């Protein structure tokens, strides 16, 4: 065991790494993207946030991988006469990792061919002809903005979504679920991912989000609480 666990019911920037537009509000909410002052989601916003202590996801000397689980509550709000864009994602990234492309890339990817050593679970609110399925989806991305697998997600605007993602070392099973307590709806997706193959032994852990790059496609991307836990060996 080489355990870690934390749980923030209110955020503070002192134990967080914030990149670009990410910020913690006076009410302790992690706000991944900008407001344009009219209280409106800024266009072309990109923000990432990670927990400040690196986590060891696997060990090359023992050949072991960690199991983990995380849960968070997010709220995405689209202003009137506008559409959702571009999405939000929880990600496991390399330690000094810097932001990538805006919009459809969720700040996590490039469309170039660099190995990003990134794994993420996205909550995609906008269709990208080139790789996205037709409907808003939850998706497991492994080194590409082209989800290795997905599930239809019925985006409800302004309602709090409760996510629960888990990875089991033995079965290599990654499983993401989401539920709208207000609507009583729920969605789940699961596929096997081999963390050792794509991820470095140590990674920073957190969120990434972007708003559409064109006028009428913007949404707020806020996380209200988060809890992570990882057990290695």
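Numbering follows the first chain given and starts at 1.
Inset, instruction - Compare the mean C-alpha B-factor of 40-48 with that of 198-206 as given in the PDB entry, and name the stretch with the higher value. - result: Taking the mean C-alpha B-factor of 40-48 and of 198-206, the larger value falls to 40-48.
Legend entry - Stretch with the higher entry mean CA B-factor, where the candidates are 2-10 and 224-232: Per the PDB entry, the higher value belongs to 2-10.
Inset, instruction - Tell me, please, which of 159, 162, 122, 135 has the highest C-alpha B factor according to the deposited entry? - result: Answer for 159, 162, 122, 135: 135, with the highest C-alpha B-factor.
Inset, instruction - Check the PDB entry and point out which of 166, 190, 62, 33 has the largest C-alpha temperature factor. - result: So the option with the highest C-alpha B-factor is 62.
Inset, instruction - Report the third (lowest, middle or highest) to which the CA temperature factor of residue 28 belongs, ranking only the modelled residues of the same chain. - result: As the PDB entry reports it, the C-alpha B-factor of residue 28 lands in the highest third of its chain.
Inset, instruction - Taking the values exactly as deposited, rank residue 94 by C-alpha B-factor within its chain and report the matching third: lowest, middle or highest. - result: Within its chain, residue 94 is a highest-third residue by C-alpha B-factor, going by the deposited values.
Inset, instruction - Would you mind ranking residue 19 by its C-alpha B-factor against the rest of the chain and naming the third, lowest, middle or highest? - result: Answer is lowest: the recorded C-alpha B-factor places it there.
Legend entry - Relative C-alpha B-factor of residue 74, binned into the chain's lowest, middle or highest third: Within its chain, residue 74 is a lowest-third residue by C-alpha B-factor, going by the deposited values.
Legend entry - Chain third (lowest, middle, highest) by recorded CA B-factor, residue given as residue 170: Within its chain, residue 170 is a highest-third residue by C-alpha B-factor, going by the deposited values.
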